């Protein structure tokens, strides 16, 4: 009956309000001032007010809103002590290992369940293999993604968060079949009015995330890496067609190729394949009936390569606008495509950061690449994605020797994650 | 050395300036005022000034400009008398026969050369067959299209026209291989710095018109016919993707099917095929190198069907903006796609007219269909375009019984054109 919520961003906060209203757990949250001025302004803002607050936009999501208090906000992970039955990981997948390994032996030995909110493909294997040393029967649970969209409206008041939207459907898998904890989560989902499909494994869950297939080709190409690391003459956009954005036949082919590389890996783990087009269209954002044939969507996975590409391309063109929005008196629709690229930026101690896209995609792809070496599956598209990213990093270093850079510019990152995966797959 | 120029619109004026400056002919032009308030305004304007004028927007086309007089402007076709060696048809292809048929016996028997400026596929067969009664060795010449863009900036001064642009390349074929006339038009085109490829037959030249293949799928579909005949709630656009415009995978398939139906017909005549994609991209409007692969463009005609469709689709997405225009400070380019549909409209005597798009396409496709039929080539996509244009026309009659309507709403038009085509192919 103690819960450790790792993270103090909007995800953590929304999830903590859920535990506060709907569970019997005492809640401890863990930030990291030692590393993060976001974390620090949050500690400070909670310290002052002694409340968190979730607001919502669409009154349909009432059941997620709340003002609430936590038992304890820890300032940094190293400060954690005592026993916790359940640990909720609400931070980036690339910090799972590095975070857990800073907990105390006692804390670690007490944990019965770790719950991964935004894991990548392989996260559970990493975490179950780490946590193994300390509990011979740890349960790990993976969700496919966070349940929605939650943001901070005032950077000045980060304890107050706004949940703008909730996913149509989530997936979840546990290292333990039908466990008590799975059922509690299911009944919890039922209560939140969020559809949740329970799948045979956490790895299966980790595959039901469209970003896994899409983000690497979208951000790990010359057009996108330029816009991120160097900048452009005029603004460009993530989802627009060249020259306004990177979307191109080449881009769509690299996406098909990455998606197929992944499906070879899913077959090796006997995890069912993902119909990426159906997923996109039926679970992410719809298109008009005129734009894509239902038959083509349904049978996507067995259609010719070129037609799979044609369909994906068409999908992205249909979404250049929101076709379901109200058009204006000139017949223009909401420019849904005009999402700018986040560029590399100096934090407040003049240290250069690489944004989440593509930092995190680097980690994702690095892990998939690694799993592939272990299984003897070639992944030449993935390799190429990693090479281009690594090349943009070295170029940044050579061209900005006078600047301080974060450790995201280093190599070879993720050794621990990779050793864990290697050990997990040697064992099974 | 008398030339009869049939037409008094901007095409006619620009071509008459060419003949005035560069030939030895005395020029008579023929309007049709007993029939046309545009043609009447032109007559009155030339009667007042006794000058026509071609102006140019861009000094690259100085060689086309000038002020000029002609020998005689006739008010109506039936008024024409006397002998003319050369007749230039500068009007719409659907009026060729109906216009020529109003000339006198003497005039007809005098003609040596008929030159077709904006013919459709089959126009030379109609014109050669008609003129055969009266001249045994009539020479007929077909261009691919008019040489450029010419308009009337100010409709109250229609004898003054502006040529805004000139095509990269035109084609031409004559019934008489390497004739004196062909050689003179070639020498003429070199002087005008217009590239002119001479091809083996008028039919060959008539097929090098990208509108033949493109316009029927763009305008003879339910989205576009609704916009033309009924109107829409918010403006829609000819070149935009659904729901902003008709463009859709379905539209592009229809375009490929029609093009292929055309190519079967061309094969029956041993006319080379048309690489639609290369034509659109090399001869019409360019795209950035990143958008389409050069090899895809070159080898289009042998690519599989689904690939052909994909590339055509991409082609149209690429041209949604002008990707060669200067983007603004938000990274937005000039909105090349935003061409409104012209709707059915009432003339000055309250008679409802169908605009050029798709009136003229109806004629074009109807001659194509007839020619297919006579050759036993199945043309199911063309049959369907025709069927829908006819349904839209009939629904309009039913839905607007109180309105006076042009003859464009009748069936079965083009009887005479078809009988001539039939007769021509009987003989060859």
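Read-outs: derived from the displayed coordinates by stated rules, not from any lab. Cβ atoms come from the backbone with ideal geometry, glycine included; neighbour counts cover every protein chain shown.
Just a few scattered comments:
- Between segment B:1-28 and segment A:84-146, the alpha-carbon center distance in angstrom: 86
- As a proxy for reagent exposure, B:150, A:120, A:291 were ordered by neighbouring Cβ count within 10 angstrom, fewest first; the result is A:291, B:150, A:120.
- At q = 0.06, 0.08, 0.10, 0.11 Å⁻¹ the log10 of I(q)/I(0) for the protein assembly as shown amounts to -0.55, -0.82, -1.07, -1.22, computed by Debye summation with a single uniform scatterer per C-alpha, solvent ignored.
- Antiparallel bridges, percent of DSSP beta bridges restricted to the protein assembly as shown (to nearest 5): 30
- When the alpha carbon coordinates of segment A:1-103 are projected onto the principal axes, the ranges are 40, 30, 26 Å, largest first.
- Square roots of five times the Cα gyration tensor eigenvalues for segment B:209-428, Å: 31, 27, 13
- Each other copy holds its own label point for residue A:1; taking that point as 7 Å from Cα along Cα to Cβ, the gaps run 11.5 nm, nearest first.
- Residue exposure proxy: B:145, B:207, A:317, ordered by other Cβ atoms within 10 angstrom of their Cβ from fewest to most, comes out as B:145, A:317, B:207.
- Fewest-first sequence of A:390, A:244 by Cβ atoms within 10 Å of each Cβ: A:390, A:244
- Between helix B:180-192 and chain B: long-axis angle, C-alpha atoms, 0 to 90°, nearest 10: 60
- The relative contact order of chain B comes to 13 percent, based on Cα pairs under 8 Å that sit 6 or more residues apart.
- For residues of B:241-254, the mean tally of beta carbons on other chains within 10 Å: 4
- Antiparallel bridge percentage (DSSP; both residues within chain B; nearest 5): 30
- Label 7 Å beyond Cα on the Cβ vector: residue A:188 copy-to-copy distances, nm: 8.3
- Taking Cα atoms only, the orientation of helix A:249-268 departs from the longest principal axis of chain A by about 50 degrees.
- Shape call, chain A: gyration tensor on alpha carbons, a/c limit 1.5: rounded
- Sorted shortest first, the separations between the residue A:412 label point and its copies elsewhere in the assembly read 7.8 nm; each point sits 7 Å from Cα along the Cα-to-Cβ line.
- Computed on segment B:148-215, with alpha-carbon pairs under 8 angstrom and 6+ residues apart, the relative contact order is 30 percent.
- Between residue A:404 and residue A:294, the simple label model (points 7 Å from Cα in the Cβ direction) yields a spacing of 6.0 nm.
- FRET efficiency estimate (nearest 0.05) - Cβ-Cβ, residue B:284 to residue B:155, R0 30 angstrom: 0.60
- Whether segment A:334-428 is rounded, prolate or oblate, judged on the alpha carbon gyration tensor where a/c under 1.5 counts as rounded: prolate
- Rotational relation A to B, axis-closest Cβ in chain A, residue and distance rounded to whole Å: A:310, 2
- With Cα atoms, 0 to 90° folded angle of helix B:305-318 axis to chain B main axis: 80
- Take every DSSP beta bridge whose two residues both sit in segment B:1-208; close to 25 percent of them are antiparallel.
- Between residue A:41 and residue A:302, the modelled labels are 5.4 nm apart [label points 7 Å from Cα along Cα→Cβ].
- Chain A: calculated mean residue ellipticity at 222 nm from DSSP helix runs of at least 4, using -39500 (n - 2.57): -13000 deg cm²/dmol
- When you restrict to C-alpha pairs under 8 Å that are six or more residues apart and normalise by the size of segment B:20-67, the relative contact order lands at 20 percent.
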